[PDB]
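Chemist: Below is the sequence, then the experimental coordinates.
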Amino acid sequence: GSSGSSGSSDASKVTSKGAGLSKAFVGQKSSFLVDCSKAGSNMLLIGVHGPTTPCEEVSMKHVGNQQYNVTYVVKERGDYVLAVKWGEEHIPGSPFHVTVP
C-alpha cells in the first residue's frame, strides 16, 4: 500500500474494562484490557503520569484480536491519574481517577 488517506481512527470508540482503571491496590497487580476492534487502525500507547508517585513498571502487550493487555504496579497509595491515548487521541474516560487504599 503506497497511499492510504482512508481509515479514520476514533478514540471515543475504544473501550476499556477492569479494576486498574477504576481503582488499584498497593502491591496488587492491576490489569486492564482495551478493545480497539471498531476503533481504528491506529497505535495504542500509555502515559502513566506521576503527579504524586511513579509506577514500578508498565507491561504492555497486544494479545491480538484487537485486544491490548496493559498491567502496572504501584508502591504508594492515594490518588492516581491514568492517561491512555489512542493514536494521537485520548480514550473516553481519561484522565481516569484511580484511588488506591
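Modeler: Received the coordinates, thanks. Numbering: from 1, shown residues only.

Chemist: isn't there a helix covering residue 21?
Modeler: Yes - checked against DSSP: H, G, I helix; E, B strand; the rest coil, residue 21 lies within a helix.

Chemist: what are the bridge partners for the residue most central in space within the chain, then?
Modeler: The chain has residue 84 as the residue nearest its centroid, 4.1 Å off, counting by Cα atoms, centre = their mean. Note on residue 84: beta-bridge partners residue 46, judged by DSSP bridges.

Chemist: Does it touch residue 46 like I think?
Modeler: Yes - counting by Cβ atoms under 8 Å, residue 46 is a contact partner of residue 84 at 5.7 Å. C-betas here are computed from N, CA, C, even on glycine.

Chemist: Packing partners of the host helix or strand of residue 33?
Modeler: For residue 33, the enclosing helix or strand under DSSP states H and E is strand 30-35. The contact analysis (3 or more Cβ pairs under 8 Å, 6 or more residues apart in numbering; DSSP states H and E) places strand 30-35 against strand 15-18, helix 19-22, strand 67-73.

Chemist: Now with 10 Å, please.
Modeler: When contacts are defined as 3 or more Cβ pairs under 10 Å, 6 or more residues apart in numbering; DSSP states H and E, strand 30-35 sits against strand 15-18, helix 19-22, strand 57-64, strand 67-73, strand 78-82, strand 84-86, strand 96-100.
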